[PDB]
Structure formats: structure tokens, C-alpha cells
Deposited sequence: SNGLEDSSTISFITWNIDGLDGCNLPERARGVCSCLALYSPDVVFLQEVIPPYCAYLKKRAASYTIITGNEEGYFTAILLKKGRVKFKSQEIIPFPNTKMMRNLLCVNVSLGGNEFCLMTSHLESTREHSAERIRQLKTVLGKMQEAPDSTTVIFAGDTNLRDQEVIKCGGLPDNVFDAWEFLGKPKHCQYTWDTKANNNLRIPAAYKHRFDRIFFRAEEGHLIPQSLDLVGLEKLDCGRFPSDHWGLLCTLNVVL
């Protein structure tokens, strides 16, 4: 990362399925190999568990780890040492969650710009749609409340179905979805796909765009690319996770 690339922020968002204990150390090594290949400035993770934090300290040692809770399973935001300056951590509760979900925010400086970086793992399954929608509203509200000077990026596992975003009030006028902004490219549309991914051993073919990136911006933040990661089977014959990860690059413009 040199002078030429200094206007850009790169990141990965990935639900890494720490609730699956089987082959977890090898799968963590697979996630870390991906981080080494692309060297993102920031990593947003969901379903981290305490042992997984130890694997990241060993095989992703160039990242500072900020977590959404201490026990059970939780989200994390990883910041590249020497690139990102950590300013503060905020956690916003979801009072009606039945799955210990919340909103994790980290305020940082990167590339001479101020950012509020946010992640969450919204309430899972079709049955919990009403609570998922209430949580999405909490997230969007927090994005809007940020100081006008700051660049806000949310990346996480939303568990959203398209019909649910419409029920919420659509994305607000100054908030954009990176995949939509880039023209809805087919190569990275689905992030959870049981035809292509065997980790859950589901004997059926369903696919969803559960993992999403929202940003608040006029002309000041411009997505450059979006691609999937984690599509290679590991030595054990399984993937790093039941989800694919997303690799995104954005340009910060005067």
C-alpha cells in the first residue's frame, strides 16, 4: 500500500461461523490466509467466539481486535496496525434480541480521513423478520446521526430478504448499498449459497444476499470494486464458513 493507493479504503466483511466447532482451527487459518493475500485496512467479522480471537492473534497479528462482547458469540472489527488510528469503541444494544445481537461501532482515522465503521449480525431466520427490521432501523438511525464530517460505513450479516428492506422504509436518501451502487453485478450477488457451499450439509439449493455494505455520502465516497472471497475448499474438504466473504474497495474523494 503506497502513495498511489492512499485515497482508498479496502475491507472484508465475513460471518466466519464460529458457532461451528468442527475443523474450526483450520477454518480460521483459511480466513487468515485470505487476509494475508489482500491485506485489507479493516475487517468486519461476525460469529467470532473467544477461541477464535486467539487464532486471529496468532495468524492475523498485524490487526488490532475490537469485539462486540466477551462471551458466547459476537462481532469484531479488525484494524490494520500502522494504517488505522483507533479513536473509540461504541456499542448500541438491541434490547429485544433473543440472540445477543448488537451494533458495534469503531471511530478511526485512515488515509487522512475520519470514519465511523459499523457492524452487526442482525437477528437470524425468516421467523424473526420483525425484530430484524427493528434492528435495521436502529442501524440506519445511527448512520444518520453521525457527524456530517465523518464517513460512515456499515458492513455486516444482515440476514435481510429484499422484501424486508421495502417494509422498513427503503434505504434513506443519503445511504447507499455498495452492490447496488456498482450496478448489481451477478458475480458477487449471493453471499450464502447451499448449492455451492456444503458446510451446513443442507440437502437443498437456496441462496441469499445476507451480507451487505451500506455507506453514507455527495460524491465523497465512491465504491470501486466488490468481489467474493472464501470460495476455496480447505484441506478438510470444507469451506472457511457457510458464508462467502465480501472484499470491497472504496475511494475517498475531495
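> Provide the list of deposited-sequence positions lacking C-alpha coordinates, grouped into contiguous ranges.
Deposited residues absent from the model fall in 1, 219.
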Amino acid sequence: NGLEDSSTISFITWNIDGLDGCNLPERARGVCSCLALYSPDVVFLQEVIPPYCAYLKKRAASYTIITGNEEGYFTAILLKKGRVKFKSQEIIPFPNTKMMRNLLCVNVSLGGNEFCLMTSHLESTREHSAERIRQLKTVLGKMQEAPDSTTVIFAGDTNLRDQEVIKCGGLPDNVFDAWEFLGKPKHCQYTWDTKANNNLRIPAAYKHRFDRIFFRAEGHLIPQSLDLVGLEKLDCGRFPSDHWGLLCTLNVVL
From here on, numbers count along this sequence of modelled residues.
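Only the largest set of C-alpha atoms that superpose within 1.5 Å between the two forms is called the rigid core.
> C-alpha RMS from this form in 6 other deposited structures of this protein, rigid core superposed: larger for 160-168 or 137-145?
When 160-168 and 137-145 are compared in 6 other deposited structures of this protein, 160-168 lies farther out.
> Hey, does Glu26 drop out of the model in a third or more of the other PDB entries compared here?
Across the other compared entries, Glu26 is absent from none.
> Quick one: across the other PDB entries of this protein we compared, is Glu218 left without coordinates in at least a third of them?
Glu218: unmodelled in at least a third of the other compared entries.
> If you average the Cα B factors in the entry, which is higher, 59-67 or 40-48?
Going by the record's values, the stretch with the higher mean is 59-67.
> Can you tell me whether 26-34 has a higher mean C-alpha B factor than 199-207 in this record, or the other way round?
So the stretch with the higher mean C-alpha B-factor is 199-207.
> Per the entry, which of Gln135, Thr150, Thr158, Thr75 tops the list for Cα B factor?
In the PDB entry, the greatest C-alpha B-factor among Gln135, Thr150, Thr158, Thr75 is found at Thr150.
> Going by the deposited entry, which of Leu221, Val229, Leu226, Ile213 has the highest CA temperature factor?
So the option with the highest C-alpha B-factor is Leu221.
> Just say lowest, middle or highest third for the CA B-factor of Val253 relative to the other modelled residues in its chain.
CA B-factor rank for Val253: middle third.
> Going by what the PDB entry lists, where does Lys233 fall on CA B-factor within its chain: lowest, middle or highest third?
Answer is highest: the recorded C-alpha B-factor places it there.
> Splitting the chain's C-alpha B-factors into thirds, which one does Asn107 fall into?
Middle third by C-alpha B-factor.
> Looking at the C-alpha B-factor of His121, is it in the lowest, middle or highest third of its chain?
Lowest third of the chain for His121's C-alpha B-factor.
> Quick one: classify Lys81 as lowest, middle or highest third of the chain based on its Cα B-factor.
Highest third of the chain for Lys81's C-alpha B-factor.
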